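Below: the structure, in structure tokens.
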Amino acid sequence: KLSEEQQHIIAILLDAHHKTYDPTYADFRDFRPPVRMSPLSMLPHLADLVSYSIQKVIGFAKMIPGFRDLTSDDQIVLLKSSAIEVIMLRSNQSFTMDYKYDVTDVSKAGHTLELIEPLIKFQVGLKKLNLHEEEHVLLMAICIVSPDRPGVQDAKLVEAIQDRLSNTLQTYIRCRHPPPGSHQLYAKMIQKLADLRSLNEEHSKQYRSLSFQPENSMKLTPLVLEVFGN
Amino acid sequence: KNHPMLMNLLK
Ligand SMILES: C=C1/C(=C\C=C2/CCC[C@]3(C)[C@@H]([C@H](C)CCCC(C)(C)O)CC[C@@H]23)C[C@@H](O)C[C@@H]1O
């Protein structure tokens with residue numbers, strides 16, 4: 001029931017992901033180093049990791065079928081509002097139940113359990129879905145092309161692009177994901193997108209607080225300041 | 001605000 005166009009969409013998103021997610025971390029050596037022992041000793045390293053990852057999320061987004069047909073303005077609004085959520089999603093691939101990060105490390109970048117507890121709970125629940133890589137990359141793409149992001153102009157078009165991806169995901173689940181694993185799986189994936197909105201909001205609140213201090217803002221990168229705010 | 005870096009990466 002998966003059409004030729006749906007198979008094509010999935011192949012494009014798998015490759016896009018492979019081209020932008022290096023599971024060897026060969027690039028992490030170029031970040032400011034993690035420091036472990038208001039210290040914020042992990043802020044330089046994690047700011048560089050996040051800045052790097054925003055670059056990768058952008059590379060992935062550019063390859064989402066249809067994303068190129070949006071105006072540069074709408075592409076901007078969609079990336080700024082989704083970047084932290086796609087970083088959280090894509091990090092599920094390194095999450096497990098110098099470059100392994102624990103709760104203390106995130107604390108040492110200026111964040112609190114108000115963010116970190118729900119974030120770990122999200123990563124556990126996502127891991128339990130045991131998604132196929134096809135599903136994982138469709139979910140990141142659906143997250144990016146969300147018509148309800150504030151500031152979207154041509155929402156109809158964004159919606160149309162997202163529907164094509166949502167329909168692909170739903171058909172993929174029916175055709176390629178065997179029960180019991182597949183039971184309510186689409187609704188569960190959409191619930192994760194809802195969970196990400198709440199995480200986005202709490203991250204934004206803590207980010208505004210930590211970056212309000214110029215000494216911490218100094219430790220971020222130019223891209224992080226531009227995307228997450230300054 | 002402007003987003004010159006994001007604009008440049010989006011090509
Ligand atoms: C990034 C990636 C990775 C992990 C992500 C993590 C673990 C550490 C804490 C992070 C970085 C969370 C922090 C709340 C982000 C804080 C950023 C800032 C200090 C600017 O407010 C969000 C995602 C979390 C590793 C790899 O999966 C690539 C991925 O791409």
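The figures that follow rest on heavy atoms only: side chains count, while hydrogens, waters and symmetry mates do not. Whatever order the structure lists them in is the order used to number ligands and atoms, beginning at 1. Below, chain A is the first sequence line, B the second, and so on; all start at residue 1.
To the nearest 0.5 Å, atom OG of residue A/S81 and atom CD of residue A/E85 are 7.0 Å apart. Taking CZ of A/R36 as the start and CG of A/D102 as the end, the distance is 7.0 Å to the nearest 0.5 Å.
The list of side chain to side chain donor-acceptor pair (under 3.5 Å) pairs with a residue in residues 109-123 of chain A, not counting sequence neighbours, reads A/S91-A/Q123, A/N92-A/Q123, A/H111-A/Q206, A/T112-A/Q206, A/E117-A/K121.
Contact of the A/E5 side chain with the A/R164 side chain is registered, since non-hydrogen atoms from C-beta on lie closer than 4.5 Å.
With a 4.5 Å cut-off between side-chain heavy atoms of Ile, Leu, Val, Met, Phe, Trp and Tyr, the cluster of A/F28 takes in A/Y21, A/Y25, A/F31, A/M42, A/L46, A/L49, A/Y52, A/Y99, A/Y101.
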Can you give me a line-by-line list of nitrogen or oxygen pairs between ligand 1 and the protein shorter than 3.5 Å?
residue	atom	partner	partner atom	Å
ligand 1	21 (O)	A/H111	NE2	2.7
ligand 1	21 (O)	A/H203	NE2	2.8
ligand 1	27 (O)	A/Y21	OH	2.7
ligand 1	27 (O)	A/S94	OG	2.7
ligand 1	30 (O)	A/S53	OG	2.7
ligand 1	30 (O)	A/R90	NH1	2.9

Enumerate donor-acceptor pairs with a distance under 3.5 Å from any side-chain N or O in residues 131-141 of chain A to protein atoms, sequence neighbours excluded.
residue	atom	partner	partner atom	Å
A/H132	ND1	A/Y172	OH	2.7
A/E133	OE1	A/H18	NE2	3.0
A/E133	OE2	A/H18	NE2	3.0
A/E134	OE1	A/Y172	OH	3.4
A/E135	OE1	A/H132	N	2.9
A/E135	OE1	A/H177	ND1	3.1
A/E135	OE2	A/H177	ND1	2.6

